[PDB]
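Structure data (compact mmCIF, C-alpha atoms and all ligand atoms) from start28.txt:
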# COMPACT_ATOMS: atom_id res chain seq x y z
CA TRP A 1 0.00 0.00 0.00
CA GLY A 2 0.98 3.57 -0.75
CA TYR A 3 -0.73 6.69 -2.16
CA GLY A 4 -0.17 6.18 -5.90
CA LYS A 5 -2.53 5.10 -8.73
CA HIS A 6 -1.71 1.44 -8.31
CA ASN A 7 -1.57 1.04 -4.58
CA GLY A 8 -3.57 4.10 -3.45
CA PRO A 9 -6.52 4.51 -1.08
CA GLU A 10 -8.99 3.25 -3.66
CA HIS A 11 -7.20 -0.16 -3.49
CA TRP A 12 -6.71 -0.56 0.23
CA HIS A 13 -9.96 -2.51 0.60
CA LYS A 14 -8.43 -5.52 -1.16
CA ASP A 15 -5.82 -6.19 1.53
CA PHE A 16 -7.75 -4.37 4.38
CA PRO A 17 -11.48 -5.15 4.02
CA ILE A 18 -12.23 -2.86 6.97
CA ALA A 19 -11.49 -0.08 4.46
CA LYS A 20 -15.25 -0.15 3.87
CA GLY A 21 -16.19 -0.41 7.56
CA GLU A 22 -18.76 1.55 9.57
CA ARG A 23 -16.40 3.90 11.47
CA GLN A 24 -13.76 4.88 8.88
CA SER A 25 -11.70 8.06 8.99
CA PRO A 26 -11.20 10.79 7.95
CA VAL A 27 -14.59 12.43 7.36
CA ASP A 28 -16.02 15.84 6.31
CA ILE A 29 -16.91 17.93 9.37
CA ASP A 30 -20.19 19.70 8.52
CA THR A 31 -20.16 22.57 11.02
CA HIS A 32 -23.93 23.11 10.75
CA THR A 33 -24.92 19.45 11.47
CA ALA A 34 -22.29 19.04 14.25
CA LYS A 35 -24.00 18.88 17.63
CA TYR A 36 -22.99 21.26 20.43
CA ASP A 37 -22.77 18.90 23.49
CA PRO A 38 -22.76 20.80 26.75
CA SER A 39 -21.75 17.69 28.64
CA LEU A 40 -18.40 17.72 26.88
CA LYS A 41 -15.48 18.56 29.20
CA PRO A 42 -12.45 20.64 28.35
CA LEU A 43 -9.40 18.83 27.00
CA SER A 44 -6.43 18.28 29.29
CA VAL A 45 -3.08 18.10 27.56
CA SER A 46 -0.16 17.48 29.95
CA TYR A 47 2.99 17.50 27.86
CA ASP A 48 5.47 19.30 30.09
CA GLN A 49 7.27 16.01 30.72
CA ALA A 50 7.43 14.72 27.16
CA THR A 51 10.52 12.74 26.10
CA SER A 52 11.10 12.74 22.39
CA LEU A 53 13.46 10.00 21.29
CA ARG A 54 13.81 9.94 17.51
CA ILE A 55 12.51 10.81 14.08
CA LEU A 56 12.02 8.16 11.40
CA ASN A 57 10.97 8.11 7.78
CA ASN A 58 8.79 4.97 7.44
CA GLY A 59 8.01 5.28 3.72
CA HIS A 60 4.61 6.72 4.29
CA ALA A 61 5.53 9.69 6.50
CA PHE A 62 7.87 10.88 9.22
CA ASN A 63 7.13 9.99 12.83
CA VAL A 64 8.48 11.61 16.00
CA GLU A 65 8.55 8.89 18.68
CA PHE A 66 8.20 9.54 22.40
CA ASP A 67 9.06 7.36 25.42
CA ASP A 68 5.58 6.00 26.53
CA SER A 69 6.90 3.69 29.29
CA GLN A 70 5.44 6.10 31.93
CA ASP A 71 2.62 8.73 32.04
CA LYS A 72 5.00 11.41 30.72
CA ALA A 73 2.84 13.14 28.05
CA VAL A 74 -0.84 12.44 28.42
CA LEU A 75 -4.27 13.46 27.15
CA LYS A 76 -7.41 13.17 29.33
CA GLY A 77 -10.69 15.06 29.73
CA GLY A 78 -12.79 15.98 26.66
CA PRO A 79 -14.82 12.98 25.48
CA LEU A 80 -12.24 10.53 26.84
CA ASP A 81 -12.39 8.24 29.85
CA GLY A 82 -9.08 7.56 31.60
CA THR A 83 -5.54 8.49 30.47
CA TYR A 84 -3.98 8.26 27.08
CA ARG A 85 -0.21 8.39 26.48
CA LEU A 86 1.46 10.14 23.57
CA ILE A 87 3.44 7.54 21.54
CA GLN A 88 4.05 9.50 18.30
CA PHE A 89 3.06 12.44 16.12
CA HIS A 90 3.19 12.67 12.29
CA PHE A 91 1.79 14.78 9.47
CA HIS A 92 -0.14 14.28 6.20
CA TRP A 93 0.57 17.00 3.52
CA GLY A 94 -0.20 17.79 -0.13
CA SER A 95 1.86 18.59 -3.23
CA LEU A 96 0.17 22.01 -3.21
CA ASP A 97 -1.19 24.32 -0.45
CA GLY A 98 -4.81 23.63 -1.44
CA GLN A 99 -4.71 20.00 -0.22
CA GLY A 100 -3.06 17.83 2.38
CA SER A 101 -5.42 17.47 5.37
CA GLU A 102 -7.43 14.28 5.96
CA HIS A 103 -10.41 15.83 7.69
CA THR A 104 -12.11 18.74 5.96
CA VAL A 105 -14.33 21.51 7.47
CA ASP A 106 -17.34 22.32 5.33
CA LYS A 107 -15.47 20.57 2.57
CA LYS A 108 -12.50 22.91 3.06
CA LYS A 109 -9.03 21.27 2.87
CA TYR A 110 -5.91 22.57 4.68
CA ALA A 111 -2.23 22.34 3.61
CA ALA A 112 -1.52 19.65 6.21
CA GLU A 113 -2.74 17.80 9.24
CA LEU A 114 -0.84 16.89 12.35
CA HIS A 115 -1.83 13.74 14.29
CA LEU A 116 -0.78 13.22 17.93
CA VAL A 117 -1.40 9.52 18.67
CA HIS A 118 -2.18 8.29 22.14
CA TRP A 119 -3.34 4.90 23.51
CA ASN A 120 -5.48 4.09 26.54
CA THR A 121 -3.06 3.10 29.37
CA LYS A 122 -5.93 0.72 30.78
CA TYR A 123 -4.78 -1.68 28.03
CA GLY A 124 -1.16 -1.73 29.05
CA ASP A 125 0.64 -1.31 25.74
CA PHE A 126 -0.17 0.06 22.26
CA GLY A 127 -0.54 -3.39 20.71
CA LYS A 128 -3.44 -4.31 23.05
CA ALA A 129 -5.05 -0.86 22.66
CA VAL A 130 -5.49 -1.45 18.94
CA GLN A 131 -7.80 -4.41 19.87
CA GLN A 132 -10.26 -2.04 21.63
CA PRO A 133 -12.96 0.29 20.41
CA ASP A 134 -11.73 3.02 22.76
CA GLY A 135 -8.06 2.02 22.53
CA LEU A 136 -6.74 5.16 20.82
CA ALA A 137 -7.13 8.97 20.83
CA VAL A 138 -5.72 11.13 18.07
CA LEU A 139 -5.41 14.89 18.39
CA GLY A 140 -5.80 16.33 14.85
CA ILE A 141 -4.46 19.81 14.07
CA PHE A 142 -4.80 21.61 10.76
CA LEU A 143 -1.96 23.57 9.24
CA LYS A 144 -2.53 26.58 6.99
CA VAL A 145 0.16 28.46 5.05
CA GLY A 146 0.95 31.88 6.50
CA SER A 147 3.55 32.91 9.05
CA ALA A 148 6.25 30.59 10.27
CA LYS A 149 5.76 28.42 13.35
CA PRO A 150 8.86 28.76 15.49
CA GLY A 151 8.23 25.51 17.46
CA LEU A 152 8.14 23.56 14.16
CA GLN A 153 11.66 24.51 12.88
CA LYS A 154 13.68 21.87 14.78
CA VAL A 155 11.61 19.20 12.93
CA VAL A 156 12.12 20.96 9.56
CA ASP A 157 15.86 21.13 10.01
CA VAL A 158 16.36 17.36 10.68
CA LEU A 159 14.38 16.25 7.58
CA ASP A 160 17.53 16.30 5.46
CA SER A 161 18.86 13.41 7.52
CA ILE A 162 15.82 11.17 7.09
CA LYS A 163 15.27 11.86 3.42
CA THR A 164 14.55 8.24 2.41
CA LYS A 165 12.59 5.26 3.67
CA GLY A 166 14.09 3.52 6.67
CA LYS A 167 16.35 6.34 7.93
CA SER A 168 16.12 7.55 11.49
CA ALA A 169 17.81 10.22 13.64
CA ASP A 170 18.17 10.92 17.35
CA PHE A 171 15.55 13.54 18.20
CA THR A 172 15.48 14.35 21.92
CA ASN A 173 14.28 17.34 23.91
CA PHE A 174 11.56 18.25 21.41
CA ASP A 175 8.50 19.87 23.11
CA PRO A 176 5.19 19.14 21.38
CA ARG A 177 3.60 22.07 23.26
CA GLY A 178 5.15 24.18 20.48
CA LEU A 179 2.69 22.77 17.94
CA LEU A 180 -0.58 23.59 19.70
CA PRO A 181 -3.02 26.36 18.71
CA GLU A 182 -4.19 28.95 21.31
CA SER A 183 -7.67 27.44 21.60
CA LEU A 184 -8.61 23.93 22.58
CA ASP A 185 -12.09 23.99 21.08
CA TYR A 186 -12.73 20.69 19.26
CA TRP A 187 -15.02 18.36 17.37
CA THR A 188 -15.11 14.63 18.28
CA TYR A 189 -16.42 11.41 16.71
CA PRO A 190 -15.60 7.70 16.73
CA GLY A 191 -13.39 6.72 13.79
CA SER A 192 -10.29 4.95 12.77
CA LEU A 193 -6.59 5.16 11.73
CA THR A 194 -6.39 6.77 8.26
CA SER A 195 -3.73 4.40 6.77
CA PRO A 196 -3.61 0.58 6.86
CA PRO A 197 -4.41 -1.25 9.01
CA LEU A 198 -7.34 1.26 9.32
CA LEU A 199 -8.34 -0.20 12.71
CA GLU A 200 -11.59 1.20 14.16
CA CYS A 201 -10.21 2.07 17.54
CA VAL A 202 -10.03 5.81 17.50
CA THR A 203 -11.70 8.63 19.28
CA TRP A 204 -10.98 11.61 17.10
CA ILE A 205 -10.40 15.08 18.56
CA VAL A 206 -10.00 17.55 15.74
CA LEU A 207 -9.12 21.06 16.91
CA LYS A 208 -11.13 23.93 15.47
CA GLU A 209 -8.27 26.44 15.26
CA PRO A 210 -5.41 25.75 12.79
CA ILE A 211 -1.79 26.59 13.35
CA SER A 212 -0.02 28.57 10.59
CA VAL A 213 3.36 27.50 9.09
CA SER A 214 5.43 29.22 6.44
CA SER A 215 5.51 28.15 2.81
CA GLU A 216 9.22 27.36 3.19
CA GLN A 217 8.43 25.15 6.22
CA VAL A 218 5.85 23.08 4.28
CA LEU A 219 8.28 23.04 1.29
CA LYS A 220 10.80 20.87 3.17
CA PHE A 221 8.12 18.28 3.98
CA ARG A 222 7.75 17.91 0.24
CA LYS A 223 11.54 17.12 -0.22
CA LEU A 224 11.08 13.77 1.49
CA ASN A 225 11.01 10.46 -0.38
CA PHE A 226 8.64 7.53 -0.24
CA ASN A 227 11.45 5.37 -1.66
CA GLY A 228 14.45 3.76 -0.02
CA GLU A 229 17.99 4.95 -0.72
CA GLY A 230 19.33 3.81 -4.09
CA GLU A 231 15.85 3.63 -5.60
CA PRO A 232 14.20 5.80 -8.20
CA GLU A 233 13.11 8.97 -6.41
CA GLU A 234 9.38 9.35 -5.60
CA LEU A 235 8.53 12.51 -3.68
CA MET A 236 6.57 12.09 -0.46
CA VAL A 237 3.51 14.23 -1.27
CA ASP A 238 -0.24 13.69 -0.96
CA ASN A 239 0.06 10.99 1.76
CA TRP A 240 -3.63 11.70 2.77
CA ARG A 241 -6.78 9.65 2.48
CA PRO A 242 -10.03 11.10 1.02
CA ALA A 243 -13.07 11.67 3.33
CA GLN A 244 -15.18 8.58 4.15
CA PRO A 245 -18.96 8.18 4.71
CA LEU A 246 -20.15 9.38 8.13
CA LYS A 247 -22.69 6.51 8.10
CA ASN A 248 -24.98 7.53 10.98
CA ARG A 249 -22.20 8.66 13.31
CA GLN A 250 -22.73 11.99 15.00
CA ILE A 251 -20.02 14.60 15.21
CA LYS A 252 -20.15 16.53 18.46
CA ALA A 253 -18.72 19.98 19.11
CA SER A 254 -17.42 21.34 22.39
CA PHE A 255 -18.43 24.85 21.31
HG HG B 1 -10.23 -1.47 17.62
ZN ZN B 2 -2.22 10.30 10.57

Structure encoded using structure tokens:
Amino acid sequence: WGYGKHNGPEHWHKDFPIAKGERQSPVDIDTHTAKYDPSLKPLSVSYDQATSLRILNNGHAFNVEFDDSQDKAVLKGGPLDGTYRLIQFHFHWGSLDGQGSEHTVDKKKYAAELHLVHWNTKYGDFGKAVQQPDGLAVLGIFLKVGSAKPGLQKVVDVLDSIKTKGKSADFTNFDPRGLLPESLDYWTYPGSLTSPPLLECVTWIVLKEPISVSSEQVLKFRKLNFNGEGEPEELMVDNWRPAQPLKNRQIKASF
């Protein structure tokens, strides 16, 4: 699987039948049909103690991994029950500024989308979490092209070193707090991972307010390669999946 014409999203169903499931992600967020739920609590992001470890190019994207052996960086509150530990963050981006995000707002697409993945720590490890309907929580953040995002530059600068598939680099002392918008208002719905295995284990929490990044910052994302070293060069662009059918699910809003 990849994002090209021969192994693209439209083909994932063949190897991952769940591709056509009942709670697939991403979806279109219709702001007028979204339900304000007053019973929804404020999100609690505790990332002061986050321990970034490394950055790796896995052939589909670049992942920043965190030490999740203790409740170091956690997410709680909102629509969630119990604690969820940050394990990794990654982005989805387009070849042009008019596309890149997974989720859309009133059919509007952003230049990129940041996903902060967390797993429910009553399941003990990530692998068990993926076997539960409430095993995972992803914080989704939209990226729009405008002014540079200072807290994003350390990531941009190490990309050169993980240009092709399978490369990794030490990446410690990176604070994820530097990627958050001012406002924590969000939308939430039950979905799934947006790339195979597409497991339907996720509680989505898509933030209303996008963060802005510079054109030059998004340009370096686009210098990455899907391919391994010594292979014909295929630029890592458009690694996003098209919106899926809501199918009776209800999207709730905290505002
Ligand atoms: Hg699941
Ligand atoms: Zn993702």

Inset, instruction - Could you check which of A:151, A:246, A:202, A:4 is closest to residue 175 (chain A), using only C-alpha atoms? - result: A:151

Legend entry - Atom pair CA of residue 111 (chain A) / CA of residue 193 (chain A): separation (Å):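 Between CA of residue 111 (chain A) and CA of residue 193 (chain A) the gap works out to 19.5 Å.
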
Inset, instruction - Can you work out which one of A:74, A:224, A:205, A:179 has the shortest atom-to-atom distance to residue 137 (chain A), counting only C-alpha atoms? - result: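 Once distances to residue 137 (chain A) are computed over only C-alpha atoms, the minimum belongs to A:205.
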
Legend entry - Test item: residues lying within 8 Å of ligand HG 1 (chain B) with all atoms listed in the file, as a count of residues only: 11

Inset, instruction - Counting all atoms listed in the file, name the residues that have an atom within 7 Å of an atom of ligand ZN 2 (chain B); the answer should be given as a count of residues only. - result: 7

Inset, instruction - Determine the nearest neighbour of residue 218 (chain A) from the options A:35, A:149, A:252, A:103, counting all atoms listed in the file. - result: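 Residue with the minimum atom-to-atom distance to residue 218 (chain A): A:149.
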